[PDB]
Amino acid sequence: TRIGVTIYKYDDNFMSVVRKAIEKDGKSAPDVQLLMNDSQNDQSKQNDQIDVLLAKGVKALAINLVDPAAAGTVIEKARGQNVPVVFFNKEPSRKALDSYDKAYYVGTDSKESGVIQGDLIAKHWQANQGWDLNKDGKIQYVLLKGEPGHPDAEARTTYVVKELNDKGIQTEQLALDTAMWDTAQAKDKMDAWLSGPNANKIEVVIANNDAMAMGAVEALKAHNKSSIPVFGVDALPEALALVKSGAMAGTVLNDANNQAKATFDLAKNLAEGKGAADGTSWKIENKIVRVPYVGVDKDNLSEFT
């Protein structure tokens, strides 16, 4: 069976571990041919790749959109040919999911990573009283946001502060800006914050993902401000190493392996005419499979590395 898969950007670091896990699953299954494509962060690039995949007779499509709003376009191309589409990681509109009977989504509940990240910061702030540099009881922080409009970026930006507040901890946002899920852009942005007027007031660096966290970690050691706690989201192998050295204070596992497994399992099922979850233990709720995030810090780190 031929399954065509598009990854919105191959050098997105979390999409790179998903991509690779998708490939290992496809190679262990002797009756499947996966046709992998890098959309290069361009939705028209992706749109033309879905035409070639359909021209090639694929039986199911697993699509990681560059734009969440291109879902309708992708469904209309798949529909003419009655082909299943499993959208994964960037969530389409509920109404776009509902417009096609064979459209499914594999993701996470975005909200939950922001809540867990807020609980990590609350636990380590209570425990590390010296992180309150100006001794006022409030967290003065900077936030590195992902793509504006992206469901994960927006929920993680909102729910980390809501959770801290809910856990009794008042916050003061010194600065927030997007570095668009990227290491080098977050390095620049942190360097700039550390070269500006409130470099001395920054107590906590909160980032919506690990690639950006790692960028802030190297702007922060360049200014020898290696003592500022940095939190991220995803539990990338490289970030677990920093959590281990203490250069980062915590992460949230974004489970690349089971989301890649669920995408593979539903796309092959649907490609073979079976029910989306047949023979699987995936719980599909309203065409959606949501995999859980897990909080990770020095105390439960041995479960991850």
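Start at 1 and count along the sequence shown; that's the residue number.
198-206 and 211-219 differ in mean CA B-factor, and the higher of the two is recorded for 198-206. When the C-alpha B-factors of 256-264 and 23-31 are averaged, 23-31 comes out higher.
For the set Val66, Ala247, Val52, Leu270, the maximum C-alpha B-factor listed in the entry falls on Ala247. Listed residues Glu154, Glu91, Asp132, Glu112 were ranked by CA B-factor as deposited; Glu112 comes out on top. Sort the modelled residues of the chain by CA B factor and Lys225 lands in the highest third. Ranked against the other modelled residues of its chain, the C-alpha B-factor of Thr108 as given in the entry falls in the lowest third. Split the chain's modelled residues into thirds by C-alpha temperature factor. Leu61 is in the lowest one. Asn165 sits in the highest third of its chain by CA B factor, as recorded in the PDB entry. Among the modelled residues of its chain, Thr280 has a C-alpha B-factor that falls in the highest third according to the deposited record.
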